[PDB]
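Trainee: A single structure is presented below for examination.
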There are 2 protein chains.
Amino acid sequence: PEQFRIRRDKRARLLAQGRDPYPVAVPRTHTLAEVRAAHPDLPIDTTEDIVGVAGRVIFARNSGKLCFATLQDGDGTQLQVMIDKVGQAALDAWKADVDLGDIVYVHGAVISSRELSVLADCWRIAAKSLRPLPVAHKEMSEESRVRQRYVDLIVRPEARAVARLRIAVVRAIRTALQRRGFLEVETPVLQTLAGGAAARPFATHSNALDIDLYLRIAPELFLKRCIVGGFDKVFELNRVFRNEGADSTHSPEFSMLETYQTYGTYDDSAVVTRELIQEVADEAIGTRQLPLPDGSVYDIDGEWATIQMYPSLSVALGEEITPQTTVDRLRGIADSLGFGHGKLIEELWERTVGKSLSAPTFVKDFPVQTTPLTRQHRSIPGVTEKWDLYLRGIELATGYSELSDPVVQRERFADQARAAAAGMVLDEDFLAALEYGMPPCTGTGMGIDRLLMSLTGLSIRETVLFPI
Amino acid sequence: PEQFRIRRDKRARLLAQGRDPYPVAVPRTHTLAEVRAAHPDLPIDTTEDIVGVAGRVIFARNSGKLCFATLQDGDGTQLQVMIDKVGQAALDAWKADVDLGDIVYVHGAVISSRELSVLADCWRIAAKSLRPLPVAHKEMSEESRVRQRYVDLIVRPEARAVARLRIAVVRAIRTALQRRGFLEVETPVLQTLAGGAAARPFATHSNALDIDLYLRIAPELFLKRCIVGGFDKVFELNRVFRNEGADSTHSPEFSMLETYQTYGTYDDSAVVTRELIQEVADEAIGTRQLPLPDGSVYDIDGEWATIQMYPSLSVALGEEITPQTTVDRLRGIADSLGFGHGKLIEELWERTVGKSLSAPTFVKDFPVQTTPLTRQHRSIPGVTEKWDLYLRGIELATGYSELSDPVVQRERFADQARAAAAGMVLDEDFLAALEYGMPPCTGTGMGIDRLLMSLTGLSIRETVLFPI
Ligand SMILES: COc1nc(N)nc2c1C(=O)N([C@H]1CCCCC1(F)F)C2
Ligand SMILES: COc1nc(N)nc2c1C(=O)N([C@H]1CCCCC1(F)F)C2
Ligand SMILES: N[C@@H](CCCC[NH3+])C(=O)O
Ligand SMILES: N[C@@H](CCCC[NH3+])C(=O)O
């Protein structure tokens, strides 16, 4: 706590002496990992490979004529340094000047101790830390790890690995989609009215236009415009904003993938989603027998079951539930266990069938009420061609066979608007685009955080770099 | 105008007959481009390659026993269809049912007319357009093209090419950075206070937290946190939000690239920026002798000149200007042509040297006042290690040797805050991170819209898909 001051004082006296504790440049020749992969099996306690390395001093051990430190590169990789070879003054400076958490450059020969080490010709402070690292045991509380992610990444290896995983996962996704001929597009974040999902928006006032603008809840309506526009295959991986509460599967800002493919249906996009998720596991995790903090293994290999909502619900409840089942009947059943038809079906389905699922599973054929954007089913009356994908109990992803009928689409919105009216403007430009004609296409959505969670067992608070 | 109604009426009667004008599926076997690349040089007026194609009817020409139409796939590619082979009823339906702007599937043999055509076994409406296309000559006004981008992309080839260019450019960028070992990260859009640039923020109220949040003006402060965190090389390509006016180089929402590289300086990031831009041209445009709507050619090949701000200004003004030149002196000069020292230097420099530049040029060594985040110059007093890159007269990109000194950084912000005080909270967490120690690193910024503009001659209103 007081050591904040002595650190500040070492900076000040280093400046005064004409030593630079935040130099513009130091000539680092190699990352530590490069040095390692260069000398994998050096006869220990024995080379003229001179290098210039840098790193954070995370461990010091001083001893009269010779000091040893651990340099940890930013990615975790470790090289020990040993400060006769040059400078008594140098050794004194080392001792008086270098603290833990300081970034340090050293130039010299690579050797192995009686542990891979560089024995120094030169050395220099690259950066002076005016704050010690927490010992970290002292296990940084969950909400101090998130509020100081920079320290977390320094002190806790797993923080490093997770960060790098998300990054790998996201790249895996872009690779996979690009391989299949999808083009990534940028669609507006600031919108005059935010559609493509159910949620309350974030509103912000524009100075330029003296009007409110609304942060997107989803790119769907614009992505659809792109399909009208002649895009065959488009995706957009980026943030959406839902002005609502936070829980273990929900946060107001999060990164979601959306995907749109002309001349396929929800049956086609189901297959791609599977392949996509499996292909991600392979690239980023390396197995489809997923290890969990549980200590368990979750198998996502092979084919995944598809069930239908109404039938699977029927089996769970012991009676035939259809689009014709009244709200009065559903209410009764709901009660006997512990607004509208659609909402009741989904709710009962989750409370019965959904919760019981283990293996990866698509549920498909959804109530029309609760699916305003998705086409009516090709044969079955009363339902829409939508699936949800449940993986390891997490609601991962949806796909639709997309409603391209403007008149029907107009109605779906008129119903929506009239439901939440307090006395009714629709998204006229969207509908305008539909009436220019949108070819048959299937869209998907997927949450990145959900993806990682489902894959790893990590909480939403660990998957993102800087939450709050 | 009235044709809106007859189109709506054809939908309605098609529904009634049990013809589906928005079918879930049609079994398209090939894109038109696939058909083309399959039959590049077919002896005209002469094959048993049956296909299933789809496309928008953009040209109709009817003739008793035989109708011809142009199917244009979404990307522009064209195949003609010819509707004896099946159905008198079929030909009647064609004539009464199909209008221009309708999406249509046809299945049959590929042939060449007396023009590559498919002569139909089957055909079906995939989508019914309840709105005709504008003839487009009738040249869609600039602000009707942007407000209805979906129609633009249908009707105007160049709209198609530009859309696809931006997309190629953005991928080119990610390829280039990834090749060099940069990791792309996601940093928050919603912030408790927005830093990393000069601009007024967008503010939005949170329901979860009953507080205002501020849309990011720039990712820099968080990207820096990542470097502290041990990232060696990180970039973030994504939207930033500056609550300010729109002009020909400025819009409140736009996509920018930021880049951060440990153990290099502004001299190093200058080189990468060049290589990066040149590598983009190569991938996306195919030449570095850039064609312009001007009718001119702009050469971005080869090495680019670096000049210094103070000296180049001095030469332009005919007197020695230094960090020591007073605001009283600068004011005088400014006057004689037609707030603080820094602002005056930059202003004079632009009004004299900047405007005169043609070839690609870095200007470097900037006034300390106007560069709070960038390190002080290694030798030259009074200036910071920042460059700006001017390409074809457009302000494309900046790079810094990054200020990692927390105490200095604290001062820079205290000066800033006190300047715009009306009677002073700083970004304490940012500074906290700096005092954990950030290794020497060089950041860059670059505007995607600027990039495209500089490369192509296109206005900012054409480079983005959906502005306003
Ligand atoms: C943290 O992730 C989320 N946060 C909020 N607040 N809302 C959602 C998610 C999430 O993953 N969602 C999924 C649902 C299934 C389709 C894709 C999706 F991303 F939308 C909806
Ligand atoms: C349309 O682009 C922009 N709109 C606004 N409103 N502000 C800026 C740009 C843009 O490209 N900028 C550049 C300046 C040079 C460094 C990179 C940058 F992206 F910030 C600053
Ligand atoms: N917009 C959906 C995802 C895309 C569904 C298919 N059109 C959501 O917010 O969940
Ligand atoms: N944040 C800068 C770009 C990065 C400069 C280097 N740290 C801007 O808004 O222009």
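Trainee: Only one of these is part of a helix (DSSP H, G or I) and away from chain B (no Cβ under 14 Å): A:414, A:397, A:433. Name it. Don't jump to the end; show me each part of the working.
Mentor: Working: A:397 fails: part of a helix (DSSP H, G or I); A:433 fails: away from chain B (no Cβ under 14 Å).
Being part of a helix (DSSP H, G or I) and away from chain B (no Cβ under 14 Å) holds for just one of A:414, A:397, A:433, which is A:414.
Trainee: Can you pull out every residue in region A:1-11 that is under 16 Å from residue A:125 (Cα atoms) and surrounded by 12 or more Cβ atoms within 10 Å (Cβ to Cβ)?
Mentor: Of everything in region A:1-11, those that are under 16 Å from residue A:125 (Cα atoms) and surrounded by 12 or more Cβ atoms within 10 Å (Cβ to Cβ) turn out to be A:7, A:8, A:10, A:11.
Trainee: Hey, among the residues in region B:367-386 that are in a strand (DSSP E or B) and within 14 Å of chain A (Cβ to nearest Cβ), which one's nearest to ligand 2 (Cβ to nearest atom)? Break it down stepwise before answering.
Mentor: The first filter runs over region B:367-386 and keeps only residues in a strand (DSSP E or B), leaving B:367, B:374, B:376, B:383-386.
Imposing the further condition that a residue be within 14 Å of chain A (Cβ to nearest Cβ) reduces the set to B:374, B:376, B:383-386.
On the way: B:374: 12, B:376: 20, B:383: 18, B:384: 15, B:385: 16, B:386: 10 Å.
Checking each candidate, the answer is B:386.
Okay, residues lined up against (1) at the interface with chain B (Cβ under 8 Å from one of its Cβ atoms); (2) more than 20 Å from the chain's Cα centre (by Cα):
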| position | (1), (2) |
| --- | --- |
| A:170 | yes, no |
| A:193 | no, yes |
| A:203 | yes, yes |
| A:218 | no, no |
| A:228 | yes, yes |
| A:231 | yes, yes |
| A:243 | yes, no |
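Okay, residues lined up against (1) under 21 Å from residue A:226 (Cα atoms); (2) β-branched (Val, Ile, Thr); (3) more than 9 Å from ligand 1 (Cβ to nearest atom):
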position: A:251; (1), (2), (3): no, no, no
position: A:254; (1), (2), (3): no, no, no
position: A:260; (1), (2), (3): yes, no, yes
position: A:267; (1), (2), (3): no, no, yes
position: A:272; (1), (2), (3): yes, yes, yes
position: A:281; (1), (2), (3): no, no, yes
position: A:284; (1), (2), (3): no, no, yes
position: A:294; (1), (2), (3): no, no, yes
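Trainee: Can you pull out the residues in region A:128-142 that are surrounded by 11 or more Cβ atoms within 10 Å (Cβ to Cβ) and either out of contact with any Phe, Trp or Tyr (no Cβ under 8 Å at 6 or more places or on another chain) or farther than 22 Å from residue B:187 by Cβ (or both)? I'd like the intermediate steps shown before the answer.
Mentor: Looking only at region A:128-142, we keep the residues that are surrounded by 11 or more Cβ atoms within 10 Å (Cβ to Cβ), and these are A:128-134, A:136, A:139-140, A:142.
Scanning region A:128-142 gives A:128, A:129, A:130, A:132, A:133, A:134, A:136, A:139, A:140, A:142.
Trainee: How many of the residues making up region B:384-400 are farther than 20 Å from residue B:277 by Cβ and either among the hydroxyl-bearing types (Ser, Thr, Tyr) or surrounded by fewer than 23 Cβ atoms within 10 Å (Cβ to Cβ) (or both)? If you could, list the steps in order and put the result at the bottom.
Mentor: First, pick out the residues of region B:384-400 that are farther than 20 Å from residue B:277 by Cβ: B:384-385.
When the remaining residues are screened for being either among the hydroxyl-bearing types (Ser, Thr, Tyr) or surrounded by fewer than 23 Cβ atoms within 10 Å (Cβ to Cβ) (or both), the result is B:384.
Count: 1.
Trainee: Considering each of B:354, B:318 in turn, give the residue that is crowded, with 20+ Cβ neighbours inside 10 Å and away from every other protein chain (no Cβ under 14 Å).
Mentor: Numbers: B:318 fails: crowded, with 20+ Cβ neighbours inside 10 Å.
The match here is B:354.
Trainee: I'm told residue B:78 meets every condition in (1) crowded, with 18+ Cβ neighbours inside 10 Å; (2) under 23 Å from residue A:261 (Cα atoms) except one. Can you identify the failing condition by its number?
Mentor: Every listed condition holds for residue B:78 apart from (1).
Trainee: If you take the residues of region A:175-191 that are more than 10 Å from chain B (Cβ to nearest Cβ) and not polar (S, T, N, Q), which of them is surrounded by the most Cβ atoms within 10 Å (Cβ to Cβ)?
Mentor: So in region A:175-191, the residues more than 10 Å from chain B (Cβ to nearest Cβ) come out as A:175-177, A:179-180, A:182.
Checking which are not polar (S, T, N, Q) leaves us with A:176-177, A:179-180, A:182.
On the way: A:176: 20, A:177: 22, A:179: 9, A:180: 15, A:182: 20.
So, considering only residues that are more than 10 Å from chain B (Cβ to nearest Cβ) and not polar (S, T, N, Q), the one surrounded by the most Cβ atoms within 10 Å (Cβ to Cβ) is A:177.
Trainee: Let me ask something else about it. Return the pairs, sorted by first residue and then second, in which the second residue is surrounded by 11 or more Cβ atoms within 10 Å (Cβ to Cβ), the first residue lies in region A:32-60 and is among the acidic types (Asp, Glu), the beta carbons are less than 8 Å apart, and the residues are 6+ apart or on different chains.
Mentor: So the pair list comes out as A:45/A:112; A:45/A:113; A:48/A:109; A:49/A:38; A:49/A:39; A:49/A:109; A:49/A:110.
Trainee: Could you check residue A:117 against (1) closer than 28 Å to residue A:284 by Cβ; (2) more than 16 Å from ligand 2 (Cβ to nearest atom) and say which number it fails?
Mentor: Condition (1) is where residue A:117 drops out.
Trainee: I've got another one for you. Is there any pair with a first residue in region B:388-415 that is farther than 20 Å from residue B:444 by Cα and a second that is assigned to a strand (DSSP E or B) whose Cβ atoms are under 8 Å apart and which are 6 or more apart or on different chains, and what are they?
Mentor: Close Cβ pairs (under 8 Å, with a partner that is assigned to a strand (DSSP E or B)) amount to B:408/B:376.
Trainee: Answer yes or no: is there a residue in region A:448-457 that is surrounded by fewer than 18 Cβ atoms within 10 Å (Cβ to Cβ) and on the phi > 0 side of the Ramachandran plot.
Mentor: Restricting attention to region A:448-457, the residues satisfying the condition of being surrounded by fewer than 18 Cβ atoms within 10 Å (Cβ to Cβ) are A:457.
Remaining after also requiring on the phi > 0 side of the Ramachandran plot: A:457.
Checked against the condition, which is being surrounded by fewer than 18 Cβ atoms within 10 Å (Cβ to Cβ) and on the phi > 0 side of the Ramachandran plot, region A:448-457 yields at least one hit.
Trainee: Right, something else. Taking the options A:370, A:374, A:384, name whichever one is out of contact with any strand residue (DSSP E or B) (no Cβ under 6 Å at 6 or more places or on another chain), under 18 Å from residue A:443 (Cα atoms) and within 16 Å of ligand 3 (Cβ to nearest atom).
Mentor: Values: A:374 fails: out of contact with any strand residue (DSSP E or B) (no Cβ under 6 Å at 6 or more places or on another chain); A:384 fails: out of contact with any strand residue (DSSP E or B) (no Cβ under 6 Å at 6 or more places or on another chain).
Exactly one of A:370, A:374, A:384 is out of contact with any strand residue (DSSP E or B) (no Cβ under 6 Å at 6 or more places or on another chain), under 18 Å from residue A:443 (Cα atoms) and within 16 Å of ligand 3 (Cβ to nearest atom), namely A:370.
Trainee: For region A:80-96, indicate whether the set of residues that are out of contact with any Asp or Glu (no Cβ under 6 Å at 6 or more places or on another chain) and of a type in the set (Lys, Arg) is non-empty.
Mentor: Kept after step one, since they are out of contact with any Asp or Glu (no Cβ under 6 Å at 6 or more places or on another chain), are these residues of region A:80-96: A:81-85, A:87-96.
From what is left, the residues that are of a type in the set (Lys, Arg) are A:85, A:95.
There is at least one residue in region A:80-96 that is out of contact with any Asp or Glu (no Cβ under 6 Å at 6 or more places or on another chain) and of a type in the set (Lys, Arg).
Any read-out appearing in this document is the output of simple, stated calculations on the displayed coordinates, not a laboratory observation. Positions of Cβ are generated from backbone atoms using ideal geometry, with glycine treated the same way; all protein chains shown enter the neighbour counts.
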